[PDB]
Structures are given as C-alpha cells and as structure tokens.
Amino acid sequence: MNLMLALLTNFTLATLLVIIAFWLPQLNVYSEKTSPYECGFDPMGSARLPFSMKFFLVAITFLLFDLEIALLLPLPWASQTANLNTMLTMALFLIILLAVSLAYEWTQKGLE
Amino acid sequence: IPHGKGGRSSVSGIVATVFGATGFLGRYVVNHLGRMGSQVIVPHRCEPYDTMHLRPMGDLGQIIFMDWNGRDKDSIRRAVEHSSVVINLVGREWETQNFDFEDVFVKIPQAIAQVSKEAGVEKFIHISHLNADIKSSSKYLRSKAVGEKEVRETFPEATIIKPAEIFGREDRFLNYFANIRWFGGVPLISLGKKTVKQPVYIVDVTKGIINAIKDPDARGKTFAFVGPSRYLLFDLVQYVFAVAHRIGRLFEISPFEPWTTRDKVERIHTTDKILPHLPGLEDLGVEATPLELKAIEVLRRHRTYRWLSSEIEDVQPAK
Ligand SMILES: NC(=O)c1ccc[n+]([C@@H]2O[C@H](COP(=O)([O-])OP(=O)(O)OC[C@H]3O[C@@H](n4cnc5c(N)ncnc54)[C@H](OP(=O)(O)O)[C@@H]3O)[C@@H](O)[C@H]2O)c1
C-alpha cells in the first residue's frame, strides 16, 4: 500500500518548495515597478505564431514509427514458446515493415 | 546670484534643504531642483542604499548627503546653518512600534523649527492637508492640524501649504485601490456618498513649491491647493476598475506594514472640502491638472495593451 506513500511524499516537497521560493519574497516590500519593461530583448513582438511545416512533420513522422515499437515490444516474452518458426518468420516482418516505411519517405525529409 | 540659463550645471543662487525626501513626495521635489540649479542638502535617516536611485539628479557637486536622527537637537543644527530656504515634508502614515506618533507632527516639525528660526534660515516651509480639522477627527488626521496651530507660533513667516488627496506615479493614495483584489471591492463604508476629494496630480504640487521657492512675497501667508473639476463621484472607485479591466524593508519580508484596520479606512472617507478664501493655487500657479486623462499612465494591468475608454463623469454634484 506503500507506493502512494512514496509519490505524494515526493510532490509535497516539490509543491511546497514553489511557495517558499516564488511566493515568500514575492510579497516583500521592495519596489517592483509595474512598468512594461519586461519580456527581455525582443521588446514588443506583435504577431501570431505562423505555421512552419518542417516543424510540424517531425511530430507526425515520429508518432507512426512509435506505434509498432509498442507492437514490437513483446518479443522477449514471446521467445518462450511451442512452435517458434512462426515467430522468427513473423517477428522479422514487423521490422522490415518498419524499415520499408522509412525508405519511401526518405526520398523527401526536407530539412528535418 | 543667478547666472546663465537654467539647464543644468548652472547656479540660480538658491541653496535649499529638504528633510525627508526619500519616499514618494520628497524624491519627486528634489528632482526639480536637480535641474534649475541649487545646492540641495538632502539628509536622510537610516537608509544607506535606498538613496542611490536619486543621485543622477543634480549634476555634479550639487546635492550632498548627511546623516541624522531628528530627536537629537544637534543633527538639525549641523546642516541648516548654511541655507536659504528650507521646506519640510517630514512625517508619514501609521504609528510606529518605536516612534509613538503623537508629537512626530508636533515635536519633530518643531525640533527642526528649532535653530532654523534662530540660525537665520528664511522662507521656512511646512506641509498641511486639505482635510485636517481640529474638531474631532481623525486619529491620524488629527495632530496634523495641531502643527497648523502649535507650530505656526514659531517662525511668523511660513507660507505653510494645504493640498488635497494627490495621485502620483508610485503613490499610495489611489494605489490602495486596484490592489484590492480581494473578497470584493467594498467602498467606505459600503456607501457611494461622499467620494471623492480633490485629486490634484503630483506635478502641480511639486511645481507649487519651486514656484514659491523664490515666489516672492509669500511668507506667513498660507495657501491651499485646488483640485481639478470638480468634486467627484462614487465612479472613481468604479473608474479604477473601469480602465484596470479588473525603502529599507527587509531581506525576506516585514512583520507589519498593513492596511491598518484603523484610521486608514476612515481617513479616506473624511471628505470635508473646505474654505475657498485661501488664494491658494492659481495665484501660486499657473497649474491645474485633470483626472480622466492622467489616470491611464499610472494604471497599467494584466492586459497592458487594450484601453478603448469612453466613460466620464459630470462633476459630480454638490458641485
Ligand atoms: N500631501 C499629501 O498628499 C500627503 C498624503 C499622505 C501623507 N502625507 C504626509 O506628507 C508627507 C508625505 O510623505 P510621503 O508621501 O513621502 O510618504 P512617507 O512614506 O511617509 O515618506 C516619509 C519618509 O521619511 C521617513 N520618515 C518617517 N518619519 C520620519 C521622521 N521623524 N524623520 C525622518 N524621516 C522620517 C520615512 O521613513 P524613514 O525614516 O526610514 O526615511 C520615509 O522614508 C508625510 O509627512 C505624510 O505623512 C501627505
């Protein structure tokens, strides 16, 4: 029953330590002028974040290579079986189904 | 004797002294003597480093610092001995856990109304407040109108000053509001009746002094400081949330510098507009400044961009 005793112990030191740092001098009596001088060294910066694509694909591109290496995960439990040939013949398919899915897209990464 | 032009690194013949001159007001006067030329001897109490933000004020060899306590009758006698005019802004809000506050408007302004009178200052000056009346109010607001009586005895020439509730940049008057993110705005006392006072903008007061600083011909003759038009409404407390869109402290934090459940809540609603017959301002002018236009600047909050503010006030009445 002692796991949650070992988790909420950990946060409660951390969720404590924000206030004893952030908050404690935050109410101190120093000046702290409201002037809009903050947001350093790009003073104003008025724009939307524009869509920039080769930022985007490197999200998608991963998400799919991700899946099957969940599918690929239960090899070391499956190395203990009865008929094993249906493993080696089958196990090696996923991989090559992964590696193929590279080679195609590999004609165009662009600047990744 | 005045030389040249008033830019900086000039003379203009007046020395001065300004006691206090650390917190909101005094910092903002000396900055007008670090321009037209002077010799501004600013003493200060306890603060070694809180006085630095001041120093790029006079050119070079103009302002000069000393150290003093003020209950020692010598500390005020060592400086002033060479001076022309000496004004006095000293005094503060809440009773200190050390200074019992009773005579710090009585003994202190006299303690510096000691040898100053003797030693040959001239055009000595002191501060009053538009709302202080010797009838019974208000525990802090009282003892201030004693100085108008008790202290005026000494130095027959004063030109002691009587301004209103003032709104500066870093000031604590109009800033007690909008710090009120809290269980809710509760006016004083939950009534929209007698707000508001004459909210003059801090420039005009600090341009009054230096306009009387060599006036000439105002000594003994006290003045009071007009506000803008005209009286004001409850909307002033709504106006705060209309646009806002809803020294020597410590290392960590202090123990008590509160909202003072005491005179503070009742000092703001005491109103009492008072005698017009005081000259008191355009004569010392020429200055008067509004509110609606100058209250965006000092108020900047978490939008920091949008304003689009069309809403105004009549006066309001009793006007
Ligand atoms: N005209 C107005 O609208 C108005 C409004 C409110 C109050 N007042 C009064 O008019 C003056 C304006 O003061 P302020 O706006 O600058 O606020 P403030 O905070 O009272 O500034 C006064 C400065 O002088 C110090 N001080 C307090 N008692 C002192 C004493 N006996 N001797 C030497 N220094 C003392 C204070 O702390 P330190 O000793 O550490 O320096 C502070 O540094 C004050 O007298 C205030 O009570 C005027």
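Looking at the entry header, you'll see cryo-EM listed as the method and 4.6 Å as the resolution.

## Concerning the overall build of chain B
For chain B, the helix and strand inventory stands at 8 helices and 8 strands. The globule rule puts the C-alpha radius of gyration for 319 residues at 20 Å, and the 20 Å found for chain B is close to it. With the principal axes as the frame, chain B shows a C-alpha extent of 55 × 50 × 45 Å.

## Considering the overall build of chain A
Secondary structure assignment for chain A yields 4 helices and 0 strands. Beginning at the N terminus, the succession of helices and strands in chain A can be written as α-α-α-α. Against the 2.2 N^0.38 benchmark of 13 Å for 112 residues, chain A shows a C-alpha radius of gyration of 26 Å, more extended than a compact globule. Dimensions of chain A along its principal axes, counting C-alpha atoms only, are 75 × 50 × 15 Å.

## Some points on the packing of helix 1 (residues 24-33) of chain B against helix 6 (residues 202-212) of chain B
All names here are of chain B. With their axes 10 Å apart at the nearest point, helix 1 and helix 6 run at an angle of 55° to one another. As judged from the angle between their axes, helix 1 and helix 6 are oblique. In this structure, helix 1 crosses over helix 6, and the sense of that crossing is right-handed. Here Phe-24, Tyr-28, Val-29, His-32 and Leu-33 of helix 1 lie close against helix 6, whose contacting residues are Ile-202, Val-203, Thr-206 and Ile-210. Looking at the contact of helix 1 with helix 6 residue by residue, the class counts come to 7 nonpolar, 2 polar and no charged.

## Quick look at the interface of chain A and chain B
The interface is formed by 7 residues belonging to chain A together with 10 residues belonging to chain B. Taken together, the residues that form the side of chain A that touches chain B break down as 5 nonpolar, 2 polar and no charged.

## Observations concerning the UniProt feature "transmembrane region" in chain A
Residue and element names in this part refer to chain A. Listed under "transmembrane region" in the UniProt record, and renumbered for this structure, are residues 3-23, 55-75 and 84-104. As annotated, residues 3-23 comprises 71% helix and 0% strand, and the C-alpha atoms at either end are separated by 30 Å. In residues 55-75, helix accounts for 81% and strand for 0%; the two terminal C-alpha atoms are 33 Å from one another.

## Let's talk about the pattern of salt bridges
All names here are of chain B. The shortest N-O distance in the salt bridge between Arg-8 and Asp-59 comes to 3.6 Å. Taken as a pair, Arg-8 in the segment before strand 1 (18-19) and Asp-59 in the loop between strand 2 (41-44) and strand 3 (64-67) lie far apart in primary sequence, 51 residues in all. As a salt-bridge pair, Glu-297 and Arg-169 come within 2.2 Å of each other at their nearest N and O atoms.

## Structural notes on the packing of aromatic side chains
Residue and element names in this part refer to chain B. Seen in terms of ring centroids, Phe-124 and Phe-155 are 4.6 Å apart; in terms of plane orientation they differ by 45°. Their pairing is tilted. Linking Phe-124 in the loop between helix 4 (116-119) and helix 5 (144-150) with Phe-155 in the loop between helix 5 and strand 5 (161-162), this pair joins segments that are 31 residues apart in sequence. On the basis of an interplanar angle of 40° and a centroid distance of 5.2 Å, the ring pair of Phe-167 and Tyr-201 is categorised as tilted. Separated by 34 residues along the polypeptide, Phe-167 in strand 6 (residues 166-167) and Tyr-201 in strand 7 (residues 200-201) bring together distant segments of the chain. In this structure an aromatic cluster arises from ring pairing among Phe-101, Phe-105 and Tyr-140. Taking the ring centre of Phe-241 as reference, the NZ or CZ of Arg-246 above it sits at 5.6 Å. Its end group placed over the ring of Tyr-176, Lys-264 keeps NZ or CZ at 5.9 Å from the ring centre.

## Things to note about the side chain of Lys-144 of chain B
Residues and elements named next belong to chain B. With respect to the secondary-structure elements, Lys-144 resides in helix 5. A distance of 2.8 Å separates a polar atom in the side chain of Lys-144 from a polar atom in the side chain of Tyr-140. What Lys-144 contacts, discounting residues up to four positions off in sequence, is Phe-105, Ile-127, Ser-128, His-129 and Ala-132.

## Let's talk about the packing of helix 3 (residues 53-71) of chain A against helix 4 (residues 85-105) of chain A
Geometrically, a packed helix pair is captured by the angle between its two axes and the distance between the axes. Residues and elements named next belong to chain A. Direction vectors running N to C along helix 3 and helix 4 enclose 175°, while the axes themselves pass 10 Å from each other. In terms of orientation, helix 3 lies roughly antiparallel with respect to helix 4. Taken together, the residues of helix 4 that come into contact with helix 3 (itself represented by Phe-65, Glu-68, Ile-69 and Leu-71) are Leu-94, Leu-98, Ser-101 and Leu-102. Its residues assigned to classes, the contact of helix 3 with helix 4 shows 6 nonpolar, 1 polar and 1 charged.

## As for the environment of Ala-16 of chain B
Residue and element names in this part refer to chain B. Looking at where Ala-16 falls in the secondary structure, it is placed in the segment before strand 1. Considered as a pair, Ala-16 and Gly-184 are 168 residues apart in the sequence and their alpha carbons are 46 Å apart. Residue contacts for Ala-16: discarding those within four places in its chain leaves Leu-33, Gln-39, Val-40, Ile-41, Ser-83 and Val-85.

## Examining unusual backbone geometry
Residue and element names in this part refer to chain B. The omega angle of the peptide bond from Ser-137 to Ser-138 is -25°, so this bond is cis rather than trans. Here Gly-285 and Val-286 are connected by a cis peptide whose omega angle stands at 15°. For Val-286, the location among the structural elements is in the segment after helix 8 (263-267). Unusually for a residue other than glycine, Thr-159 sits at a positive phi of about 65°. With respect to the helices and strands, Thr-159 occurs in the loop between helix 5 and strand 5. In the Ramachandran plot, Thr-260 falls in the positive-phi region, its phi being about 60° despite a non-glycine side chain. Among the structural elements, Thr-260 can be located in the loop between helix 7 (235-243) and helix 8.

Parameters and conventions
- Residues numbered from 1 in each chain as written, not as in the entry; some residues may be left out.
- Chains lettered and ligands numbered in written order.
- Part of a larger assembly, values for the part shown.
- Heavy atoms only, no water.
- Residues with missing side-chain atoms left out of burial classes, pairs and counts.
- Helix = DSSP H or I, 4+ residues; strand = E, 2+ residues; numbered from the N terminus.
- Rg over C-alpha atoms; globule rule 2.2 N^0.38 Å.
- Axes fitted to C-alpha atoms, helices over the stretch in contact; angles between N-to-C directions.
- Parallel < 35°, antiparallel > 145°, perpendicular 65-115°, else oblique.
- Left-handed = near helix turned anticlockwise from the far one by under 90°.
- Contact = heavy atoms within 4.5 Å.
- Nonpolar A, V, L, I, M, F, W, Y, C, P; charged D, E, K, R; others polar.
- UniProt positions renumbered as here; feature names shortened; annotations may be inferred.
- Salt bridge = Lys/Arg side-chain N within 4 Å of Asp/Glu carboxyl O.
- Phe/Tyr/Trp six-rings, centres within 6.5 Å; stacked < 30°, edge-to-face > 60°.
- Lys NZ or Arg CZ within 6 Å of the ring centre and 35° of its normal.
- Polar contact = N/O pair within 3.5 Å; in protein donor to acceptor, adjacent residues only side chain to side chain.

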